[PDB]
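Residue numbers (PDB author numbering), protein chains in the order written: chain B, 83 to 387; chain A, 83 to 387.
Right under this line is the structure:
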């Protein structure tokens, strides 16, 4: 009746001040596998965002006590979730506030990839002024294709049919009901490769869809198609987007996630004209700061009853 | 039988093909006010986008014959209509194809400003990596006050409520039915200064509005308000936008249009962290390139009946 929780990484003071109301809080951020292993032993719950090595060894190390683990935010594959339920351990994540701030930061990438809000604000801050150089295109009647109709890339579609596009998605595991409701149509894979002016990636990087965007799939697309990637940057074979952009098969690209974050400074899509990159800012809104902080706080507490 | 039309400025290729169908077409782009005067004398129609030396002096030089003159684009005040009024001249503009893709490039300035898509893509192409500097804001439950419920600001409300915002607009001239129809509430002026998380300018620069936004104006606003000017930059007393972006009353500002274009290099709004400046790109989309070209072509062809 004074439970105890390890905060492994920095966390929103909205949240922490909840936990300090129903627990004891260890805010020892960033701990070597050792400090964790020695700490885990003595604490009923652990909370982590995509950065703490949680896996078999951390699980064994605790021996009872550790009843529930809270992952802060988007992904989950942080934790070896197999050992979780195995050593009888609960696993709760925080995905409502980080989906918003995600589907938001993609809309912001698509609209601003289309009008060159970057390279223009570049040349004008750089003393230049070439209106003929940075002439946008028009996300209205333009078919947008979405790969991975998850929670993110559906709250994207929700938004893009508000901008007025004809939006389609492709994911075998998406209920034709929830897609037809939000206003989307569910269509085949090559119907989404070909017939698209805008492409929005939302596929989990697995050995099943890795390097999917190679050079066999760039030819299928309509030439001049535009790509926005905000969910697992490995799914693109980056050295073919380096080449469909230079050649002209892909018109423009706007990438938030990468194969290796941070990509080396030579990295050819990071340094390029038709690209507009942000450094996994996907969920970086001050409202999903407080929002994920509070919602795990509320999750942990619930499962730690 | 064989009417005749002067094209003063470069005009879209589709429409020129339209004009050569029902006229002779002299595309004499960039005429000295003197050549204009001598030419106007012999032609039934003159067409001109934002930026041609038309006025009383040109009106008189033509002495009849010049029935109609078309402003290739949104603007209708490019010239002294008072003399066309006075000279039996007709006056036709392009009030639609440039309408859409201005509302568009408006939105895209709001969204790319919120998530710092410019200042971010910049420093990553600049070999930095600071996921913590370029932290956004979440345009969702947020109030967007649209100053001026023209055909521009309306169709920005259209998109903005689709990103899911609370949009109010204030222009004493828009029937509240045309407002409540698209889903927007009309309210007062100070209920737009004070309650706005986002302020979109769509005021034409009536003298009355020249330097409206001044330090009195900025003090009224909620601190943290973001200002997307995409209409006519004279309305902002730039020396004070600079001192609320600096002093932190204005959060960020996305500016497409300026007091004087192309501005002084050293212009503090042009060169500023919290400002995203594109250069009057408000129209530069190829669906309004061809779109305006063909609509005023259409517009003159009729007025020339």
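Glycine included, every Cβ here is placed at the ideal spot set by N, Cα and C.
> What is the DSSP secondary structure of residue 146 (chain B), counted as helix, strand or coil?
Replying inline: Position 64 of the first chain, counted from the start, is the residue given in the question as residue 146 (chain B). Reduced to three states, the DSSP call for residue 146 (chain B) is coil.
> When DSSP builds the beta bridges, which residues end up paired with residue 252 (chain B)?
Replying inline: Indexing the first chain from 1 puts residue 252 (chain B) at position 170. Residue 252 (chain B) pairs with B:229.
>> Suppose contacts are defined by Cβ-Cβ distances below 9 Å. Is residue 332 (chain B) in contact with residue 152 (chain B) by that definition?
In response: Looking up residue 332 (chain B) in the first chain gives position 250. Looking up residue 152 (chain B) in the first chain gives position 70. No, they are not a contact pair.
> Hey, quick one: how far does the alpha helix (DSSP H) through residue 276 (chain B) stretch, first residue to last?
Replying inline: Counted from its first residue, the first chain places residue 276 (chain B) at position 194. Where residue 276 (chain B) is concerned, the enclosing alpha helix (DSSP H) stretches over 271-276.
> So with Cβ pairs under 9 Å, would you call residue 334 (chain A) a contact of chain B?
Replying inline: By 1-based counting over the second chain, the position of residue 334 (chain A) is 252. Cβ-Cβ to chain B under 9 Å: no for residue 334 (chain A).
>> Suppose only complete runs of 4+ residues qualify. What are the alpha helix (DSSP H) ranges in the stretch 95-137 of chain A, listed by chain order?
In response: 95-104, 115-122
> Which residues does DSSP pair with residue 282 (chain B) in a beta bridge?
Replying inline: Locating residue 282 (chain B) in the first chain gives position 200, where the first residue counts as 1. Answer is B:228, B:310, bridged to residue 282 (chain B).
>> Any C-beta of chain A within less than 7 Å: which residues of the stretch 366-380 of chain B qualify?
In response: 366, 367, 368, 369, 370
>> Beta-carbon within less than 8 Å of residue 356 (chain A)'s beta-carbon, same chain only, minus the 5 sequence neighbours each way: which residues are those?
In response: Mapped onto the second chain, residue 356 (chain A) falls at position 274. The answer, listed in chain order, is 327, 332, 333, 334, 335.
>> Considering Cα atoms alone, identify which of B:101, B:213, B:199, B:186 is closest to residue 186 (chain A).
In response: Here residue 186 (chain A) refers to the residue found at position 104 when the second chain is read from its first residue. Per the Cα distances, B:199.
> For residue 295 (chain A), which beta-bridge partners are listed by DSSP?
Replying inline: Indexing the second chain from 1 puts residue 295 (chain A) at position 213. DSSP lists A:318 as partners of residue 295 (chain A).
>> Could you tell me the alpha carbon to alpha carbon distance between residue 313 (chain A) and residue 91 (chain B), rounded to whole angstroms?
In response: Counting from one through the second chain, the residue named residue 313 (chain A) turns up at place 231. Counting from one through the first chain, the residue named residue 91 (chain B) turns up at place 9. Looking at the two C-alpha atoms, the distance is approximately 45 Å.
> Going along chain A, which residues have a C-beta under 9 Å from residue 359 (chain B)?
Replying inline: On the first chain, residue 359 (chain B) is found 277 positions in, with the first residue counted as 1. Here the neighbours are 202, 203, 206, 207.
> If we ignore side chains and look at the alpha-carbon of each, how far apart do residue 86 (chain A) and residue 126 (chain A) end up?
Replying inline: Your numbering for residue 86 (chain A) matches position 4 in the second chain. Your numbering for residue 126 (chain A) matches position 44 in the second chain. Going from the Cα of residue 86 (chain A) to the Cα of residue 126 (chain A) covers about 5 Å.
> Taking three-plus beta-carbon pairs below 8 Å as touching, is the stretch 167-186 of chain B in contact with the stretch 363-375 of chain B?
Replying inline: As far as the Cβ criterion goes, the stretch 167-186 of chain B touches the stretch 363-375 of chain B, which means the pair count is three or higher.
>> Whole angstroms are fine: how far does the CA of residue 294 (chain B) sit from the CA of residue 259 (chain B)?
In response: Position 177 of the first chain holds residue 259 (chain B). Position 212 of the first chain holds residue 294 (chain B). Whole-angstrom Cα-Cα distance: 27 Å.
> Of all the residues that make up the stretch 269-288 of chain A, which are near chain B by a beta-carbon distance shorter than 7 Å?
Replying inline: none
> residue 218 (chain A) versus chain B: which residues are under 7 Å apart at the beta carbon?
Replying inline: Here residue 218 (chain A) refers to the residue found at position 136 when the second chain is read from its first residue. Per Cβ cutoff of 7 Å: 187, 363, 366, 367.
>> Just to confirm my understanding: we take residue 380 (chain A), look at its own chain, exclude 5 residues before and 5 after, and list those with CB closer than 6 Å. What are they?
In response: Stepping through the second chain from its first residue, residue 380 (chain A) is reached at position 298. Here the set comprises nothing.
> CB-CB under 8 Å to residue 301 (chain A), same chain, minus the five flanking residues each way: which ones, in chain order?
Replying inline: Along the second chain, one-based indexing puts residue 301 (chain A) at 219. Taken in chain order, the residues that qualify are 331.
> Who are the Cβ neighbours of residue 225 (chain A) in its own chain at under 6 Å, not counting the five residues just before and after it?
Replying inline: As a first step, residue 225 (chain A) is located in the second chain; it is residue number 143 there, counting from the start. Once the five neighbours on either side are set aside, the close Cβ partners of residue 225 (chain A) are 248, 277, 278, 279.
> Are the C-beta of residue 199 (chain A) and some C-beta of chain B separated by less than 9 Å?
Replying inline: As a first step, residue 199 (chain A) is located in the second chain; it is residue number 117 there, counting from the start. Answer yes: the Cβ-Cβ gap between residue 199 (chain A) and chain B drops below 9 Å somewhere.
> Can you list, in chain order, the residues of the stretch 338-350 of chain B whose Cβ is nearer than 8 Å to any Cβ on chain E?
Replying inline: Among the protein chains of the structure shown, namely B and A, there is no chain E.
> Tell me the DSSP bridge mates of residue 357 (chain B)?
Replying inline: For the purposes of this step, residue 357 (chain B) is identified with residue 275 of the first chain, where counting begins at 1. Looking at the DSSP assignment, residue 357 (chain B) forms a beta bridge with B:335.
> At what residue ranges does the stretch 182-210 of chain B contain a whole run of the alpha helix (DSSP H), taking only runs of 4 or more?
Replying inline: If we require 4 residues or more, the alpha helix (DSSP H) runs fully inside the stretch 182-210 of chain B come out as 199-207.
>> Give me, in chain order, the residues of the same chain whose beta-carbon lies closer than 8 Å to that of residue 307 (chain A); leave out the 5 immediate sequence neighbours on both sides.
In response: Your numbering for residue 307 (chain A) matches position 225 in the second chain. Contacts found: 278, 279, 280, 281, 331, 332, 333.
>> Is there a Cβ of chain A sitting closer than 9 Å to that of residue 225 (chain B), yes or no?
In response: Along the first chain, one-based indexing puts residue 225 (chain B) at 143. No, residue 225 (chain B) lies away from the interface with chain A (no Cβ there is under 9 Å from its Cβ).
> If you compare alpha carbons, which of B:138, B:143, B:136 is closest to residue 123 (chain B)?
Replying inline: Numbered from 1 along the first chain, position 41 holds the residue referred to as residue 123 (chain B). The option with the nearest alpha carbon to residue 123 (chain B) is B:143.
> Which chain A residues are close to residue 127 (chain B), counting only those with a beta carbon under 7 Å from its beta carbon?
Replying inline: On the first chain, residue 127 (chain B) is found 45 positions in, with the first residue counted as 1. Going along chain A, no residue has its Cβ under 7 Å from residue 127 (chain B), so there is no contact; the nearest lies around 27 Å.
>> Strictly under 9 Å for the Cβ-Cβ distance: is residue 304 (chain A) near chain B by that measure?
In response: Against the second chain, residue 304 (chain A) aligns to sequence position 222. So no, residue 304 (chain A) is outside the interface.
>> Does residue 287 (chain A) come out as helix, strand or coil in the three-state DSSP assignment?
In response: Counted from its first residue, the second chain places residue 287 (chain A) at position 205. Reduced to three states, the DSSP call for residue 287 (chain A) is coil.
> From residue 139 (chain A) to residue 376 (chain A), what does the alpha carbon distance come to, in whole angstroms?
Replying inline: Taking the second chain and counting its residues from 1, one reaches residue 139 (chain A) at position 57. Taking the second chain and counting its residues from 1, one reaches residue 376 (chain A) at position 294. Using only the alpha carbons, I get a separation of about 29 Å.
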